[PDB]
Amino acid sequence: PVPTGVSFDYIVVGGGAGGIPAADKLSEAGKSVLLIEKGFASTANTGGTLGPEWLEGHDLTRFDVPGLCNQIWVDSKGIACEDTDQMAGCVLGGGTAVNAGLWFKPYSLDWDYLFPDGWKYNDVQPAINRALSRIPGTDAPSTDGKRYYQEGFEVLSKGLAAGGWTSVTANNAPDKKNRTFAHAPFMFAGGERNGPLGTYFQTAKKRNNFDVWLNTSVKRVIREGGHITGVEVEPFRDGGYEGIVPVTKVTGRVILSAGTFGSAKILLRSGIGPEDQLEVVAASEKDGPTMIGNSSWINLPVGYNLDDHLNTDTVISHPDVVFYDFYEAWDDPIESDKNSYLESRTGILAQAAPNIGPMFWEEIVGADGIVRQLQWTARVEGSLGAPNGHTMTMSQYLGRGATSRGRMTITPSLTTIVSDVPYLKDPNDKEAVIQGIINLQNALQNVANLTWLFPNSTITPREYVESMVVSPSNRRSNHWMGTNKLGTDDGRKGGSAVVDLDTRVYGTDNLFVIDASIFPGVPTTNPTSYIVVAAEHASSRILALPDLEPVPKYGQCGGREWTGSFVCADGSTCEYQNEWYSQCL
Ligand SMILES: Cc1cc2nc3c(=O)[nH]c(=O)nc-3n(C[C@H](O)[C@H](O)[C@H](O)COP(=O)(O)OP(=O)(O)OC[C@H]3O[C@@H](n4cnc5c(N)ncnc54)[C@H](O)[C@@H]3O)c2cc1C
Ligand SMILES: *[C@@H]1O[C@H](CO)[C@@H](O[C@@H]2O[C@H](CO)[C@@H](O)[C@H](O)[C@H]2NC(C)=O)[C@H](O)[C@H]1NC(C)=O
Ligand SMILES: *[C@@H]1O[C@H](CO)[C@@H](O[C@@H]2O[C@H](CO)[C@@H](O)[C@H](O)[C@H]2NC(C)=O)[C@H](O)[C@H]1NC(C)=O
Ligand SMILES: O=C1N[C@H](CO)[C@@H](O[C@@H]2O[C@H](CO)[C@@H](O)[C@H](O)[C@H]2O)[C@H](O)[C@H]1O
């Protein structure tokens, strides 16, 4: 039930990695900010209560404890988003509430390579410095600075060093991403998940010019032509709001932080995206009758440029490797570990599940002269059906420089699907994957008693890869990006860009997108830190824009090539004439 007289300078939709820092920075500016979130309170510091019984009374939830982070894989109900075919957090904090918490200071090349000018490394470096001040990493999240069950790590790390790879502290040497290995850095603090929920959101929630609406889903933005007047909400759970909440007249702005799939969905429901997809929404049961008319539609490649890390698992077994069962930690945690975590915030439970071992990287020049970026995540766990005890999984991510891309589309149910699988469309992407496995095998070839289970010694790396099914189900990294791509090439004219350098949606004066969806591709690394940095950076670009200026009566307020204000001065309205012209009348 949305209140009589309330409006906001900024409305930020979605409480994830993009939305929380954006809403924090914008409310820090003194502007009035409303953060609308689908899900409910998650970590205890947001007032979340949800978790196992051994946490009861200890001021902790399932979202606070690093060693419980893998529960999401066996118990996601009411937490994971249901309007997508992939894995996403639909609680407050979004993906940062449920992810493994890996946190990386950006590799400069990622911004220089992926982004146009104004977003290159020189441009976002102040933003990088802000994000890493708010959240420095720690590669030793146990509050005593000790690390636990490192047997496996020491196995692989010693192996790698002998193979010619160099130890770094990853976030002290962000740019050393080639033939490098490191202790895994996390956004944890005080032995707890922390992150954006622990920093950005906490400073925000203290401000009286800041408001959060939980349990509230944004159906779409309401707009007259290219000017968004408000956002339309319905309760996702009891205590959510039903209605249309306005933004400050003329001057007010909306930011879509709902995620690569969620923000794209909202745009489509708002009559922004490819014709065929808008036409799907228009035909739909839920939205057909109330959708904005097809003459107000803005055609942008929403859902194109779908990107993710290509994940390829590898498994080894070594006798010194010690498995820890983080799943049995949900119900019946080993008591001394329960104890050191609850009293001291120390021990294996202050580390993310499963035990996340050496982190390492290399860059491989392909036949096309394109440098492709590999990241490996070693963790102590079976993967391909290898048994859990002495195994370690080594997961290769194919990152920046990969050329393959997919597409997201929307169902008649208004749920999103990955309908064009992104991975390995281009042969040189595959070559990098194969070469990386070969390269790793070379590094680890002198390690005694080390066994290759996956691929086993009788299968070549090429054969091993060639055998694998290429599908999001077994190959996704849950790093989905790119559906609202940021760029200078206006999508209305056939370009690939959904939003411009200020993250403004082409065809609008006040609508912006800050989340994973704007990245032209995936970075070297687990993307959360990058997404926070992009929010630091985008919110500053937005904050430095001059206030929007209404058009005088008879002036042009719209059209398919219009760059300007879409909103009219008092005493006139924007009126559509044709696809190239709207006038204030
Ligand atoms: C479990 C898993 C493991 C991962 N591990 C790592 C890791 O260790 N480190 C790393 O850097 N990254 C990791 N990631 C990647 C990461 O979680 C995402 O890339 C990142 O959090 C996405 O940022 P976002 O702002 O675009 O979207 P999100 O974080 O998903 O935020 C979207 C938010 O908007 C809300 N929302 C969505 N639609 C609507 C709507 N219509 N109305 C209102 N609210 C809405 C959602 O509930 C959610 O809170 C992992 C993620 C997964 C799922
Ligand atoms: C959002 O919805 C959640 C879940 O429906 C509400 O959280 C529950 O609140 C009741 C009583 O207030 C508690 O007994 C439950 O333990 C809570 N569950 C969880 C998972 O937190 C929450 O109150 C709602 N929030 C708002 C603002 O309406
Ligand atoms: C990353 O480091 C490795 C090793 O330092 C580089 O490997 C060299 O690659 C060139 C061709 O790309 C070969 O001709 C050399 O013989 C390789 N040297 C070794 C020791 O393997 C690799 O090129 C580096 N990657 C990038 C992108 O700079
Ligand atoms: O960034 C990530 N970080 C973590 C850690 O690297 C990954 O979690 C892994 O995700 C796998 C599922 O894809 C699980 O089988 C595995 O146990 C779990 O640790 C996650 O899928 C990936 O997106």
Side-chain angles (χ1 to χ4, degrees), residues 12-22 35-42 47-51 61 69-70 72-73 76 78-81 83-84 86-104 184 186-187 195-196 212-220 231 233-241 256-263 265-266 269 308-309 311 313 326-327 352-356 359 375 377-379 381-383 393 395 397 473-481 513-519 522-523 525-532 534-535:
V12 173
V13 184
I20 277 173
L35 169 67
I36 297 161
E37 164 64 40
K38 204 168 155 138
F40 52 75
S42 55
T49 57
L50 184 59
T61 71
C69 73
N70 263 0
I72 197 48
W73 295 117
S76 73
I79 282 163
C81 308
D83 55 353
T84 182
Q86 308 300 329
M87 174 64 69
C90 266
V91 295
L92 177 69
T96 77
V98 297
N99 61 10
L102 289 159
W103 182 264
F104 295 89
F186 294 82
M187 75 200 197
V212 194
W213 293 357
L214 301 178
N215 297 349
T216 296
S217 150
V218 170
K219 323 175 49 183
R220 59 172 110 133
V231 307
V233 300
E234 81 190 319
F236 191 67
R237 277 185 183 83
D238 169 78
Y241 290 77
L256 304 183
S257 288
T260 296
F261 301 124
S263 291
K265 191 222 257 217
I266 292 172
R269 303 235 258 160
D308 182 26
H309 282 111
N311 177 73
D313 281 352
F326 283 99
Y327 287 105
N355 195 0
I356 292 189
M359 212 86 175
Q375 160 169 304
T377 304
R379 61 178 82 103
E381 205 190 23
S383 63
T393 293
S395 292
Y397 290 171
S473 70
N474 77 308
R475 304 279 232 136
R476 82 193 172 188
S477 302
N478 313 295
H479 297 170
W480 309 104
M481 307 191 110
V513 182
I514 302 154
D515 59 23
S517 72
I518 68 171
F519 280 64
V522 281
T525 268
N526 310 74
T528 299
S529 67
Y530 287 76
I531 293 141
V532 165

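In each ligand, atom 1 is the first atom listed, and ligand 1 is the first ligand listed. When a residue number appears, it is its place in the shown sequence, counting from 1.
Residue nearest to atom 30 (O) of ligand 1, selected from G259, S217, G16, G95: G95 (by heavy-atom distance). For atom 18 (C) of ligand 1, the candidate residues are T528, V532, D515; the nearest heavy-atom contact is made by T528. Closest to atom 48 (C) of ligand 1 by heavy atom, among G89, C90, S529, is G89.
The closest protein non-hydrogen atom to atom 22 (C) of ligand 1 is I531 CD1, 4.0 Å. At the top of the distance list for atom 26 (O) of ligand 1, counting protein heavy atoms only, stands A516 N, 2.8 Å. Of the protein's non-hydrogen atoms, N99 CB, 3.2 Å is the one closest to atom 4 (C) of ligand 1. In this structure, atom 1 (C) of ligand 1 lies nearest to the protein heavy atom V98 O, 3.7 Å. Annotation: atom 23 (O) of ligand 1 to nearest protein heavy atom, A17 CB, 3.5 Å. Protein heavy atom nearest atom 52 (C) of ligand 1, with residue, atom name and distance: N478 CB, 3.9 Å. Nearest to atom 8 (O) of ligand 1 among the protein's heavy atoms is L102 N, 2.8 Å.
Remark: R220 pairs with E232 by the salt bridge (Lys or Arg N to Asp or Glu O under 4.0 Å) rule, at least two apart or across chains. With sequence neighbours excluded, the residues satisfying salt bridge (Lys or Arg N to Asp or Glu O under 4.0 Å) with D83 are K38, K265.
Ligand 1 has no atom lying under 4.0 Å from any heavy atom of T525. At least one heavy atom of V91 sits less than 4.0 Å from an atom of ligand 1.
A distance limit of 4.0 angstrom between heavy atoms and ligand 4 selects the residues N70, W73, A100, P354, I356, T377, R379, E381, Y397, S477, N478, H479, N526. Under 4.0 Å from any atom of ligand 2, one finds heavy atoms of residues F40, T49, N215, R237, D238, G239.
In terms of polar-atom proximity, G101 is counted as a contact of ligand 1, with an N or O under 3.5 Å from an N or O of the ligand. Considering backbone and side-chain N/O of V218, one or more are found under 3.5 Å from N/O of ligand 1. At a 3.5 angstrom cut-off on N or O pairs, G18 counts as close to ligand 1. The shortest N/O to N/O separation between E37 and ligand 1 falls below 3.5 Å.
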